[PDB]
Each structure stands twice: as C-alpha cells, then as structure tokens.
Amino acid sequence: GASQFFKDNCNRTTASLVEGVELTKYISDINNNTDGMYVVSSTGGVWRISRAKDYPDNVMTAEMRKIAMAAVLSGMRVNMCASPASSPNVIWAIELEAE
C-alpha cells in the first residue's frame, strides 16, 4: 500500500488518504463548466487532477497527469491524498506503484 513517506505527508494536511485505487478512465474536458482532467476508479469514484500555470506546481501537476495516464494504461494502482472540500475531490499528491 501507500509508502510510509506518502502516508505521513498526507496525514499532515486536510486531505484524505485513498489507497490502492484502480483507475479505469482518464478524462480531458474543455467544455465550459466541466473544464479539466479527471480520473475514474473501478468503483466509480471520480477525482479532479490539479492544474497550475506557474512553476513549480506546473511541473508536479504535469507529472500527476503522466502518473494518472500510466495507471489507466498499465493497470497499476495508485495512492491518493485528495481534498474532500470540492466535488470532484481534487488530488494533492499521487503515488504510482509498481511493487
């Protein structure tokens, strides 16, 4: 499951830890209100992947997307640290796992 490192970093914020998720859908949407990138788990949960224009978050967010797409393609599980303050919940950190 999540690395202690990951668990610990997450338990330090207001986000919630989601472990061993299997994403089966990857979404790109430029429609006015739904504008964004989302992922869907094999149990129907939906998450919004964070987006940033400025350095450095523009980097990590770009990596969150690669990680996300990689998971959908390979069937690799991921561990998330998502904030439940928005709907869909937004991903603040993501861990791809090969194991």
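Numbering starts at 1 and runs along the sequence shown. In this text, rigid core is short for the largest set of C-alphas that superpose within 1.5 Å between two forms.
In 4 other deposited structures of this protein, superposed on the rigid core, which stretch sits farther off in Cα RMS terms, 16-24 or 84-92?
The stretch that sits farther from the shown form in 4 other deposited structures of this protein is 84-92.
In the PDB record, does 36-44 or 55-63 carry the higher mean Cα temperature factor?
It is 36-44 that shows the higher mean C-alpha B-factor.
If you average the Cα B factors in the entry, which is higher, 70-78 or 27-35?
Looking at the record's C-alpha B-factors, the answer is 27-35.
Going by the CA temperature factor in the PDB record, which third of the chain does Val21 belong to: lowest, middle or highest?
Tercile = middle for this residue's CA B-factor.
Report the third (lowest, middle or highest) to which the CA temperature factor of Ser83 belongs, ranking only the modelled residues of the same chain.
It belongs to the lowest third of the chain when residues are ordered by C-alpha B-factor.
Where does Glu97 sit by CA temperature factor within its chain: lowest, middle or highest third?
Its C-alpha B-factor belongs to the middle third of this chain's values.
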